[PDB]
Every structure is written in structure tokens, then in C-alpha cells.
Amino acid sequence: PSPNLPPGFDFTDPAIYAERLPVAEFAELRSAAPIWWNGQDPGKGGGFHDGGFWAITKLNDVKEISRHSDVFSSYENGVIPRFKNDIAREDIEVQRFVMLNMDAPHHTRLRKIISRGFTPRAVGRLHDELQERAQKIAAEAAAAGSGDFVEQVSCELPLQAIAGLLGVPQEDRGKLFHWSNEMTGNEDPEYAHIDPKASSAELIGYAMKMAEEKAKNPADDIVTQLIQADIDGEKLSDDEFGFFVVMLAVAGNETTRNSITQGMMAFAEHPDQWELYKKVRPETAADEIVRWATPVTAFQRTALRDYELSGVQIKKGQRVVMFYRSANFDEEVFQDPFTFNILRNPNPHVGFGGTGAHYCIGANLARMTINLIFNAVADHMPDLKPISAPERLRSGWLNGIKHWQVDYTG
Ligand code: HEM
Ligand SMILES: O=S(=O)(Nc1ccc(Cc2ccncc2)cc1)c1ccccc1
Ligand SMILES: [Cl-]
Ligand SMILES: [Cl-]
């Protein structure tokens, strides 16, 4: 029997996410049609005019698609499944210059060079400066009594993580944070005037300046390890470094910020978990927060050939959209998936995507960022309470919270 969904229901519809997460509709597919053709009417495909896509709602299918990168292509259509309906195909294809939208061997070369800047050591060297800044951010917010938890608690730390990682001088971080914020959310009315293409161009030019300058004066940031040829002469070109900063500026901003916001929303709704967190401060909460928040609701792939996924015949050229929001609540993998449990161990969520070639390289930078900020929130505003309901981001693939007015005192 066909799933009980409204006719023409598009799981990438930004109008849905502007108001809520379609949790019931996802649970419907998981039970009635775990792989389901999401038909899209002409001119309503978010920039893709192929008739629709396969909705992937089971965690095991999500992991299988991520492992079989040989078949399921990130390059053919990019991984973002929704833009403005009228986006030019060329603006979709320009994203193929960043590592995330690439296939092997091009992606294999970039990922190896980029791995020099995401070592455990490099990330861990930021721990003390980020812990200090997390405490300062929580105290500054708690002194204000009440305000916007999104802007006053969640925004700054993930952005300072990028600046610290990249070695951006303090006087340039406002420049960088603006460019990063100018690239996501252009389908929301609050951000209708941002220009991601223009912001990407200025960020590339600024990143090439940094690349040229840091060859002359090598430092101990990741940049030096990136633009430096190894014994094989392998390194990022100046423009390749530009496209990485563009990817990093976007990747390391809203996803962590929404983890933090939706993490505190879960704590506000599960006071038993909040009291437990303030007492034990378990770092496993970071993963449960990411599982709950699922900041990236979905990324997509295009099949390079016919493939049988869980009895469903995927035909060459069709898109598959991996709904991490649904897979992260798969009843087959998680015990009581709708219970917020900051002790969940092990926690094989696909919030950072399915294991494979494209697994999130900043996952532990994100986990550290989340853990430091919530320790600060517990340190300085342990009795905070929301004063109103959060405003959601109108986006077809990003689970965003624009604003959340909170009283940090009580
Ligand atoms: C809560 C925070 C985050 C979430 C939910 C998240 C989510 C994801 C997901 C789902 C993927 C899967 C890509 C795919 O399989 O198509 C990914 C990849 C990636 N992430 Fe993250 N991410 C987070 C934080 C970060 C941070 C802080 C950085 C960098 C500072 C980062 C950098 C990247 C990059 C570069 C990739 C591409 C990897 C590749 O193409 O090989 N992410 N991320
Ligand atoms: O750089 S991108 O070509 N592609 C891109 C980049 C980041 C993201 C978001 C993300 C967050 C965390 N981990 C992984 C991903 C998605 C897609 C791009 C740049 C600007 C506007 C749209 C896309
Ligand atoms: Cl609408
Ligand atoms: Cl770009």
C-alpha cells in the first residue's frame, strides 16, 4: 500500500521546514515505503528538472549509498538537493570546484591534501582558545539577562573555530563571518538579499591573498601544510585553496550553530537530561545533540549506473536523496530513537553523513565546539528558560533556527 502522504508532497519543500520538521511523514515512509519516489512537478524541483528523486529514509540504505561512491555520484548534480526553482544550471555546476561535490580521482587527491589540515593535532591545538572563548561567550550572554540564544550563544564559537583553524587575524574575522553568513538561507525572506555567488567570489580572492602571503611567511596553521608541495609535488593551488576556504566557511558555520541551538531546545524539553548534563557533563551528548538536530536534513547523489538498493531498482541518472533526518531516527538502529538520551553509546547516527569517501572532515571539530559551548552554558546560565518559540529557517535541506529568545536568568 502507498504511504499515507498528501498528494504532491515534496520532502525537500522549503515551506515545510520553515514551520516544522516533517517527522511523521518520514516515519510513514520508513514503515510503508522506505525507498519512495518523490515526484516533482515541472519547475518545482529546486533546480533539478528530472521529474523527482528517490527518498532514502533508512539508515542502512543511507550508509550503503555513502559507501558505494563508485556508483552514487556527488559530482553529477552536486550534493545539495534544493535551490531556488529558477537557479541556472551553471550555478549548480560551479559547485563542482569544491571537494564536497567531487568524485574520484579528483576528490581523492583533494581529500588527501586537505587531511593535512584536519589532523587530530591541528584540531586539538584549538581546544584551549576555543574553551576560553566559549566561557567568555556564555558569560557575556548571561550578563545580558535575556536575549537571542541563536545570536548570543550559538553563532560565535563555530565561526571562531574556522578563523582559528585557518589562521585568520582577529581584524579579519568580521569580514570572514559576514562572507560565511552570506551563503546559506537565500530562500528565507529574512536573507532574501544575500548573494552567495558574490560572497563566494570575494572569499576566493581573499583566500588567494592569504595563500600567496603565507607561502612567503609560513606559520603553524593548516594553510602552510596545504599550499606546500610534498615529495610528489602535491599541494593546493591558490585557487584550490580559495575553493576550500569557501567550503570551510560554509561547512563550519550554520551546521554547528544549529546543533547548539537545537541542542538547547532538546534540553529545554528534557529537563532530566539537562540536570544530568550539568552534573556529569558527558561528551557523548555532542553526538546525541547532532543526532537530534541533524543540521543537514539531506544530501543527494546521482546514480552513475543501474543499482538495486534494498529491492528498489535505481536507474542510471536518477537522483537519490539521503534524508539524514529520517535515518537518524530509524527504529531498526536506535533503541527508542525518539528518546533524547545524552548517554547514547554507541551512537551510529549519520548526522555527519554515512561513512565513506565524503565523511565529514570537521566532525570532531564540531563535537569539540559543541562540547565546549555547552560546558560554558552549564557554567554560566544553568537555569536558562526559553521565553518564546524558535523561528525556523526556510530551507529545503538545512535544518536551521534563525532566532530563539531565551531568559538566561530565571
Ligand atoms: C554539526 C556540525 C556538522 C554537520 C551536521 C556536518 C555535516 C556533514 C555531512 C552530513 C557531510 C556528508 C557529506 C556527504 O557525504 O555528501 C559532511 C561533509 C563535510 N564536512 Fe561537515 N558537518 C558539520 C561540521 C563541519 C565542520 C565544522 C567542518 C569544517 C570546519 C566541516 C567540513 C566538512 C567537509 C569539508 C565535508 C566534505 C568532505 C568530503 O567531501 O570529503 N563539517 N558534513
Ligand atoms: O561549498 S559549496 O559548493 N557546497 C556546500 C558547502 C557546505 C555545505 C554545508 C555543510 C555543512 C557541514 N558539512 C558539510 C557541508 C553544503 C554544500 C556551496 C557554497 C555556497 C553555497 C552553496 C554551496
Ligand atoms: Cl509557502
Ligand atoms: Cl563555489
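(A) Region of the structure containing the coordination of the iron atom of ligand 1. Of all protein atoms, just one serves as a donor to the iron atom of ligand 1, and that atom is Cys360 (SG), at 2.6 Å. Geometry at the iron atom of ligand 1 is octahedral, judged from its six donor atoms and the angles of 75 to 174° they form at the metal. Within the secondary structure, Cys360 sits in the loop between α17 (324-327) and α18 (363-380).

(B) Looking closely at the site of ligand 1. Residues in close proximity to ligand 1 total 28 residues, the closest being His107, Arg111, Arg301, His358 and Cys360. Here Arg111 contributes a side-chain N or O atom positioned 2.7 Å from an oxygen atom of ligand 1. Those elements that place two or more of their residues in the shell around ligand 1 are α5 (106-114), α13 (238-251), α14 (254-269), β5 (298-303) and α18.

(C) View of the pattern of salt bridges. This structure, assessed with the given rule, holds 24 salt bridges. With its nearest N and O atoms 2.9 Å apart, the salt bridge here joins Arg82 to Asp10. Taken together, the positions of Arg82 in the loop between β3 (72-73) and α4 (89-93) and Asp10 in the segment before α1 (14-17) put the pair 72 residues apart, joining distant regions of the chain. The residues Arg82 and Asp10 share a single accessibility class, namely buried. Between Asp287 and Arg367 there is a salt bridge, and its shortest N-O distance comes to 2.5 Å. Of this pair, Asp287 sits in helix α16 (residues 284-293) while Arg367 sits in helix α18; the two residues are 80 residues apart in sequence, bridging distant segments of the chain. Each of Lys58, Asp330 and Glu332 takes part in a single network of salt bridges with overlapping partners.

(D) Quick look at the site of ligand 2. In the region of ligand 2, the neighbouring residues are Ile80, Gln95, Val98, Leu100, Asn101, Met183, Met247, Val250, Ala251, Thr255, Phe299 and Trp397. With respect to ligand 2, the side chain of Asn101 contributes an N or O atom lying 3.5 Å from an oxygen atom. Across the complex, the protein chains shield 87% of the 510 Å² of accessible surface that ligand 2 would expose by itself. The element that contributes the greatest number of residues to the shell around ligand 2 is α13, accounting for three residues.

Definitions and cut-offs
- Along each chain, residues carry numbers from 1 upward in sequence order, and these need not match the entry's numbering; residues missing coordinates do not appear.
- Following the order in which they are written, the chains are lettered starting with A and the ligands numbered starting with 1.
- Side-chain numbers here rest on the full set of heavy atoms in the structure, without hydrogens or water.
- Shown as donors are all N, O and S atoms within 2.8 Å of a metal ion, widened to 3.2 Å for Na, K and Ca; because water is not in the atom set, sites may appear incomplete.
- Working rule for geometry: tetrahedral if four donors all subtend angles between 85 and 135 degrees; square planar for four, octahedral for six, if opposite donors exceed 155 degrees and the others stay between 65 and 115; irregular in every other situation.
- Only runs of H or I of at least four residues qualify as helices and only runs of E of at least two qualify as strands under DSSP, and these elements are numbered from the N terminus.
- For this description, a residue counts as near a given molecule or strand if any of its non-hydrogen atoms is within 4 Å of it.
- Polar contacts, as counted here, are pairs of nitrogen or oxygen atoms within 3.5 Å of one another; within protein the pair requires one atom able to donate a hydrogen and one able to accept it, and residues that are adjacent in sequence qualify only if both atoms are side-chain atoms.
- One speaks of a salt bridge when a side-chain nitrogen belonging to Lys or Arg is within 4 Å of a carboxyl oxygen belonging to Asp or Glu.
- Note on exposure labels: buried denotes an accessible area under 20% of the residue type's maximum, exposed denotes more than 50%, and partly exposed covers the range between, all computed with a 1.4 Å probe on protein chains only.
- All accessibility values rest on the Shrake-Rupley procedure with a 1.4 Å probe; residue burial counts only the protein chains present in the view.

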